Structure formats: structure tokens, C-alpha cells
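Engineer: My questions all concern the structure below.
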Amino acid sequence: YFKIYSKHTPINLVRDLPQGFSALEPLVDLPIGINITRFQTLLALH
Amino acid sequence: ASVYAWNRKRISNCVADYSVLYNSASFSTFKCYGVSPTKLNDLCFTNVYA
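Going line by line, the protein sequences match chains A and B.
Residue 202 in full-length UniProt numbering sits at position 3 of the first sequence, with consecutive numbering throughout.
Residue 358 in full-length UniProt numbering sits at position 11 of the second sequence, with consecutive numbering throughout.
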């Protein structure tokens with residue numbers, strides 16, 4: 200079951216992940232049962 | 348399904364008369380483990396596969 204979580208915030212550190220506490224709420228759980236071992240992130244353009 | 352491939356999918360949100368699965372006569376070719384069929388309509392399930 201594909202479980203998805205998130206958090207969103209403004210930041211100062213342009214390079215990298217900041218120090219200090221954060222924890223993510225669940226966006227969704229999906230019934231989908233997929234054999235997952237690889238992935239890629241995506242952009243879009245006109 | 349083939350015995351090395353199965354039909355495993357998530358039944359969710361639903362209701363049924365689960366007692367049909369043992370009380371309907373031609374189903375009388377069965378078993379249960381832990382749980383018992385007469386209790387199933389009062390037992391709150393969660394999600395189901397087969």
C-alpha cells in the first residue's frame with residue numbers, strides 16, 4: 200500500500216535540508232499493491 | 348487464479364451479509380481459524396483480500 204506523507208514551509212538555507220524538528224502528515228494511502236524498486240521525479244514545460 | 352499468482356486485492360469501505368459465505372448451503376465445504384462465521388456480522392472488519 201503506497202503511503203504518501205508531506206510538510207510545506209518557507210526556508211532560508213538555499214543549498215540543503217535545514218536543521219530543526221519537522222514531521223509529516225499522511226496525504227494518502229493507495230490500495231495499489233505494486234512491485235516498486237525504482238522511481239524518477241518529473242518536470243513539465245510548454 | 349493460478350496457485351502461484353493469487354487474486355489479492357483490497358476490498359474496502361464495504362458492507363455485506365458475511366454469514367452468506369457459510370450459511371448459503373453449497374458453501375458447506377469450508378473452514379475458519381481464530382474467527383467464527385456466526386459472529387462475522389457483528390465483528391467490525393477492517394479491509395479484506397482473498
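Quick reminder that beta carbons are idealized off the backbone N, C-alpha and C, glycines included.
Chain B beta carbons: is any one of them nearer than 8 Å to that of residue 300 (chain A)?
Structural biologist: In the structure displayed, chain A extends from 200 to 245; residue 300 (chain A) sits before or after that span and is not available.
Engineer: What are the residues that DSSP puts in a beta bridge with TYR204 (chain A)?
Structural biologist: Bridge partners of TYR204 (chain A): A:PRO225.
Engineer: What residues match up with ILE358 (chain B) in a beta bridge as DSSP calls it?
Structural biologist: For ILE358 (chain B), which the question treats as bridged, DSSP gives the partners B:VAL395.
Engineer: What are the start and end residues of the alpha helix (DSSP H) that includes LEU368 (chain B)?
Structural biologist: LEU368 (chain B) -> alpha helix (DSSP H) spans 367 to 370.
Engineer: So, helix, strand or coil for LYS386 (chain B), using DSSP?
Structural biologist: It is helical.
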